[PDB]
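Notes for the one structure printed next.
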Ligand code: HEM
């Protein structure tokens, strides 16, 4: 399930999803912020498929690291971990009528390979600083 896949994330983003200041952004309380944006859910898929780099802001704090791609995970595994990060800490409550992630959303986005630099560009397209 989603919780089991999340073990591959917890070393950085932590068991409680709160991250580590300066090093690894929080997911708890922050996934809702991303989901609130038009293109937010697609963006979360792109991070897992293609990784991320560059300076970003989360809860007013700056991060300047690199996340690897997790494209070795199957479409259903990516859908599962994304549902875990959306629900484990109540981020999906804040979002009106949240539909769970599904394999076909990941499949669709696997069809157009991006670089981590392009993923950052996508994040900025959301209105996120
Ligand atoms: C499948 C497991 C993982 C998931 C679901 C996950 C989730 C995410 C998400 C959703 C973001 C975007 C946050 C934002 O744009 O505000 C992100 C960024 C980031 N993640 Fe992960 N992550 C995972 C594994 C890891 C691991 C293992 C590491 C450590 C090696 C890591 C380090 C980072 C870093 C450093 C960033 C920010 C990149 C930057 O500063 O530009 N992640 N992660």
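Every residue, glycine as well, gets a Cβ built from its backbone with ideal geometry; the counts of neighbours run over all protein chains shown. Each value in this text was obtained by applying a stated rule to the coordinates, not by laboratory testing.
Based on what the data block shows, is residue 121 surrounded by fewer than 14 Cβ atoms within 10 Å (Cβ to Cβ) and more than 14 Å from the chain's Cα centre (by Cα)? Yes: the conditions hold for residue 121. For the range 48-67, does any single residue satisfy the condition of being away from the ligand (no atom under 11 Å from the Cβ), in contact (Cβ under 8 Å) with a residue 40 or more places away in the chain and closer than 19 Å to residue 127 by Cα? The answer is no; no qualifying residue exists.
Is there a residue being within 13 Å of the ligand (Cβ to nearest atom), closer than 23 Å to residue 1 by Cβ and touching a residue at least 12 places away in the same chain (Cβ under 8 Å) anywhere in the range 105-118? It would help to see each step written out before you state the result.
Quick first cut of the range 105-118, residues within 13 Å of the ligand (Cβ to nearest atom) only: 106, 115-118.
Next, only the ones that are closer than 23 Å to residue 1 by Cβ stay: 106.
From the residues that got through so far, the ones that are touching a residue at least 12 places away in the same chain (Cβ under 8 Å) too are 106.
So far as the range 105-118 goes, yes, one or more of its residues are within 13 Å of the ligand (Cβ to nearest atom), closer than 23 Å to residue 1 by Cβ and touching a residue at least 12 places away in the same chain (Cβ under 8 Å).
Residue-level analysis places residue 33 among those that are under 24 Å from residue 129 (Cα atoms) and either surrounded by 15 or more Cβ atoms within 10 Å (Cβ to Cβ) or touching a strand residue (DSSP E or B) at 6+ places or on another chain (Cβ under 6 Å) (or both). Tell me which residues, restricted to the range 1-27, are touching a residue at least 12 places away in the same chain (Cβ under 8 Å), in a loop (DSSP other than H, G, I, E, B) and over 21 Å from residue 64 (Cβ atoms). Passing the criteria: 1, 6, 16.
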